[PDB]
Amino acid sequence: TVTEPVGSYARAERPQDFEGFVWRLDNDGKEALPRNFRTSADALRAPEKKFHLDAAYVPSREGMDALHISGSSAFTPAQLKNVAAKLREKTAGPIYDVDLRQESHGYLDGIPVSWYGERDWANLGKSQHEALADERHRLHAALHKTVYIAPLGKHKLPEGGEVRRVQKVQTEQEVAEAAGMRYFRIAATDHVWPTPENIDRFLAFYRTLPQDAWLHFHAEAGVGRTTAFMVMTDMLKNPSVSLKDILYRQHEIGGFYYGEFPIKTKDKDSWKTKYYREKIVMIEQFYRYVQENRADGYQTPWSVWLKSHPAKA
């Protein structure tokens, strides 16, 4: 008997050791667009050296022009309006803000904030319902109260920031709707592979989409969770493209590289090592799920298939 299967390593961590303690500033609002903004229509750039890839390899762009997805970090309401306008130039279909954040977040006086616990794991272990209830309660409790909002600096701890008495509170759903985007939430934990529940939820949602839907994915930084769902969408929509091409091209338009690479973390971040290894293994397993289940139209969900076809370290 195995306590936690591959793909579920985070279930072994204790939520009580990462409880939220500060309203973290998610974006300072200085730039017109959020960080790491990219779309599937973008030109491929040279790969980042840390992934030790072949800079001479040219991945297939088959299906990219029709993929219709984008990704970014968190944003201020003004930045999201800029994103929405930019994306409307590319499609006449519904544009979705696909919020991948498990952490409670929202807007206080229009400032994007999140209730941050160590490793951004303040809602670790909570069901999506419980995470969203926490978020609603916390945002409502901030109205007309004094809050401390701060960017994280040295040691991933607050440094500087501002103190204000809040006059307006909004959820991201409200901000997305104000920007003209549809909204869909998947509560995925920062830094780790999305859970079978997260992925089943995404696949059920994907199946409901009209042909011309545009998906704008984001979490906090626009790297791990954001690229994971962009990669899964590319695999689902372009199943004839090789795994190597999908991973190279999603990295080369500005995302994380989800293939094998020599992992090296700073000593203070050594806890991340096994989670990067787990993601590499799980990306391969998701590709296998798509290849094995697309012909019959996915009559068995990812969670069930993964239980009978466990991933191996």
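The numbering used is simple: start at 1 and walk along the sequence shown.
Here the stretch with the larger average CA B-factor, out of 149-157 and 234-242, is 149-157. Relative to one another, 195-203 and 83-91 have unequal mean CA B-factors, and 83-91 is the one with the higher figure.
Per the deposited record, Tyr57 carries the highest C-alpha B-factor of all listed residues (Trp271, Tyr57, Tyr258, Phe286).
Of the candidates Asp190, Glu162, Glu172, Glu135, the PDB record gives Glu162 the highest C-alpha temperature factor. The PDB entry assigns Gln167 a C-alpha temperature factor belonging to the highest third of its chain's modelled residues. Ranked by Cα temperature factor within the chain, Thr265 sits in the highest third according to the deposited record. The entry lists a Cα temperature factor for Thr208 that places it in the highest third of the chain's modelled residues. When the modelled residues of the chain are ordered by their C-alpha B factor, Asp120 lands in the middle third. Among the modelled residues of its chain, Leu25 has a C-alpha B-factor that falls in the lowest third, as given in the PDB entry.
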